[PDB]
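We begin with a single chain expressed as structure tokens, specifically the form deposited in one PDB entry.
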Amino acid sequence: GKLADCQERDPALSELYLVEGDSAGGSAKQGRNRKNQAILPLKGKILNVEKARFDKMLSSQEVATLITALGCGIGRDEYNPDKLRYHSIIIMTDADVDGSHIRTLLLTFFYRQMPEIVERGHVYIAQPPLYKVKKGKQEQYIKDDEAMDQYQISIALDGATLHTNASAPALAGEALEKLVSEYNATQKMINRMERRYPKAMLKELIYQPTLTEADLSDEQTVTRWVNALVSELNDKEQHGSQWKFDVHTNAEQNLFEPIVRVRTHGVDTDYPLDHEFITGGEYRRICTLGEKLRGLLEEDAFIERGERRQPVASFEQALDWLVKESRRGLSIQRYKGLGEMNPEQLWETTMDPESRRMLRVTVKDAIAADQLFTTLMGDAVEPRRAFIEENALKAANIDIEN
């Protein structure tokens, strides 16, 4: 019942798969090496043995079918890991949050009921793809979002793109690639500090010259600096917000802060660029990038895409134009789940021995793992809530940003 057995009888070359969803299991049954591979679809979420009792565990059908399929016993004085069929086991769940939840449930079951199986290293986790990209001739699969970003960046700078400053220089690859990588890293760093300061404040600081706090002292040049910053911010404002500046001489080094009134109708008291901000390394790297990102572009300039040309006046405009031009004849497909894939794709992505990729589960420490399982999967609400709160956004505020 709901188990496609294999032909191999020796329990050292067989495999077993625990597929999520009936359609995915049906598709996988077609596209598999029928000699030494088996399938066992799971209709949905399964029993949690950590909270449930032994009698209810035996009463259920999914766990009972799994126990029958594995071939080993259950409980003390009957369990015997030597009588094991399907020496290799693969999970292969979906790539969404419910897939991770089902994976955690299966790991809890295997660890609590059959510790020796996990210890000996007979449990594997599969890594199905997420994106598929075709460009007429080339076709490939891409996992998660990071690899998609890397592929997009590489395709953007794939040939041509000889940037012209004044008449006809040529950065020609590596310099432009380094500049793009640095710009993306700085933007990623900026994106993770939106709560503390406005985006526009960080964006404008890169183009303006360095503050040079070493030679600032009390020359009163900070007043002109903040005035120019406020005027530049207000020049291209398109949201109705207004900006003002305030300065004082509480110490030897004069201090200043902006005041912003925004669409919310409430005014923030200050966003001070205090001693920590100027001494912080984030502003130092921002100024480092800005030093190379000054007004390098001359009166006449353009980007030399392959058999194409377009005048430009800003680096972001050139990047956007290159990205848009690189996405002309590119086709992309996104898989919502395992049920969207035909048997050939599943075979060549997850079930082919010569091109599949998997992870082996191993145990580092016993007491720590037992404590973690008891804390997370137990029937005690308060410890679980405290653990979730500890690793909440309060602990996500990493100040390294690197």
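Definition used throughout: the rigid core is the maximal C-alpha set that superposes within 1.5 Å between two forms. Numbers for residues come from their place in the sequence shown, where the first is 1.
Only in words, not in the display: the form deposited in another entry, which the text now covers.
Put simply, after the core is superposed between this form and the one not shown, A160 is the one residue in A160, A313, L289, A175 with a Cα shift of at least 2 angstroms. Taking the rigid core as fixed, one finds a CA shift for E390 of 2 Å or more between this form and the one not shown. A movement of the C-alpha atom of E252 reaching 2 angstroms or beyond is seen between this form and the one not shown when the two forms are aligned on their rigid core. Relative to the superposed core, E204 undergoes a Cα shift smaller than 2 Å between this form and the one not shown.
Put simply, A160 and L319 come closer in the other form: their C-alpha atoms are 3 Å or more nearer than in the form shown.
Look at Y283 and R261: in the other form their Cα atoms come 3 Å or more closer than in this form.
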